[PDB]
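To find a chain, count down the sequence lines: A is the first, B the second, and so on, and within it residues start at 1. Scope of the values below: all heavy atoms of this structure, side chains included, with no hydrogens, waters or symmetry mates.
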Amino acid sequence: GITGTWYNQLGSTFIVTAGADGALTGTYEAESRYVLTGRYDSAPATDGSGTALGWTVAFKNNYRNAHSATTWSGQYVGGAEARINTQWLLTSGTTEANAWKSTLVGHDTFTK
Amino acid sequence: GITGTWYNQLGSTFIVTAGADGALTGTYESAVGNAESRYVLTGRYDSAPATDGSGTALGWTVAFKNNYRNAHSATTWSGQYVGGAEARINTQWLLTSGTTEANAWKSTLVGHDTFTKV
Amino acid sequence: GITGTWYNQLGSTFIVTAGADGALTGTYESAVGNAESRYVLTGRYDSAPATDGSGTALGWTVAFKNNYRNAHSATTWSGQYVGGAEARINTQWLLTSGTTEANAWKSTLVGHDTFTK
Amino acid sequence: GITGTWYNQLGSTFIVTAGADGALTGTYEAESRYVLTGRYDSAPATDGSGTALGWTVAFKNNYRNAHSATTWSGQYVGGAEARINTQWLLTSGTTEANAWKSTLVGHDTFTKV
């Protein structure tokens, strides 16, 4: 149930395809569209546990470059209403003097 | 630059190819935890970084499933590449395990990794 | 405002008083009632927040050790108070457990809690 | 052992006094001095385990206000070269429109040297 169009809390849209080998590929939202790549556990447990996954987006496309990248780590939860629960790290490229403030942390919840 | 073999402070091995689309591909082998042999990684990087001395932002994911064993978990590394006589990849990571809704609050570990050439 | 009784998404109880000097003191309730699961908290907040609608920055710590149990672990919450009337406290936390040097890479959990008054 | 003057890799002086009832009090460094308050495990294991700790500093004093606070979470590793390893979270006050980018994360290592 991972393959699909997902939306987070701020109307961002993630279109993902989950290959049977464990690959995740797709798009993050024209000038605002970006490539995404990740991996997921293609053989989760069955004690009712979520499926672990993750992905990465570099905020560079042919229209802009913000010099940074975000990784989302979390799990897909199946049920009457499917969701993906994640936490994320965004890192910006900095000078070494500035490295201490290069990384933001947050959380996102996605729904179809 | 980024392409090559790196080692973190625990001895884990990171073998990467940085392509010109900004794709990261390679394998990861962990010196710790419930992992054995190599795992597939996939990632992205800024392939047109600032020319100002700023590091190179990157990120990647490893799901710890291979033919040897499955830890039902995935890790992401977010950080930057700093070139030079002692080139480095400084990262922070999130490790999420599959849990039941009830146990979710203890699903995610956080830490930092430093990768160097030896 | 910040002073009062709050609870997070899992029903845990936080009893906090904000001091005139930016001090935060109070108690963490794991169960509603049980005293064996009652823990001392302490923190700091911004006693003079910006006037443009920004929240109020805050932080606090709970070490999981009282008269009855010692988990050998400690949690810190970082986040902000947002008043108005819905009034919410939004945080991120870090829980560390004492470990050997060899297992330090698995000593800290991370998450987010939201509080209701 | 915990009580003392600690320095991080970036300079900053933290002065902490450890209390027998698990409390932590001190200052982060006069217009750049701030109150720090925290807790720790005053009965740690002797199996080689580190002592769990946490503290908070809100960056307002009688001179300045940055509208931000930081929490540190980690453990004291005593022994030959006493050290405190930590992960930290800094939050600033934001509108809740800028809320997704209100919180920075990093790690700090402290020595008495």
Count the heavy-atom pairs under 4.5 Å between each of B/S107, B/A102, B/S47 and chain A, then report the option with the highest count. B/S47
What residue in A/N98, A/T103, A/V35, A/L90 has the most heavy-atom pairs under 4.5 Å with chain B? A/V35
Just wondering, are more than 12 heavy atoms of other shown residues or ligands nearer than 6.0 Å to CZ in B/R88? yes
Shorter than 4.5 Å, heavy atoms on both sides: which option in B/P49, B/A57, B/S54 has the most such pairs with chain A? B/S54
Counting only heavy atoms not in B/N67, do more than 12 fall under 6.0 Å of its CG? no
Look at A/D41, A/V77, A/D47 and state which one has the largest set of heavy-atom pairs under 4.5 Å with chain B. A/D41
Side chains of B/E101 and A/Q75: closer than 4.5 Å at any heavy-atom pair? no
Spacing of B/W77 atom CH2 and A/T56 atom OG1 [to the nearest 0.5 Å]: 10.5 Å
Could you measure the distance from the OG1 atom of A/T51 to the NE2 atom of B/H72? Nearest 0.5 Å is fine. 9.5 Å
Look at B/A104, B/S78, B/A74 and state which one has the largest set of heavy-atom pairs under 4.5 Å with chain A. B/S78
Tell me, out of A/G79, A/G22, A/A43, A/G48, who's got the most heavy-atom pairs with chain B below 4.5 Å. A/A43
Interface check, chain A: of B/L94, B/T42, B/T100, B/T99, most non-hydrogen pairs under 4.5 Å belong to B/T99
Surrounding NZ of A/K112 (heavy atoms of other residues, nucleotides or ligands, distance under 6.0 Å), is the total greater than 12? yes
Are B/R44 and A/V57 close enough that some pair of their side-chain heavy atoms sits under 4.5 Å apart? no
Report the option among A/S68, A/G74, A/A58, A/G38 that has the most heavy-atom pairs separated by less than 4.5 Å from atoms of chain B. A/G74
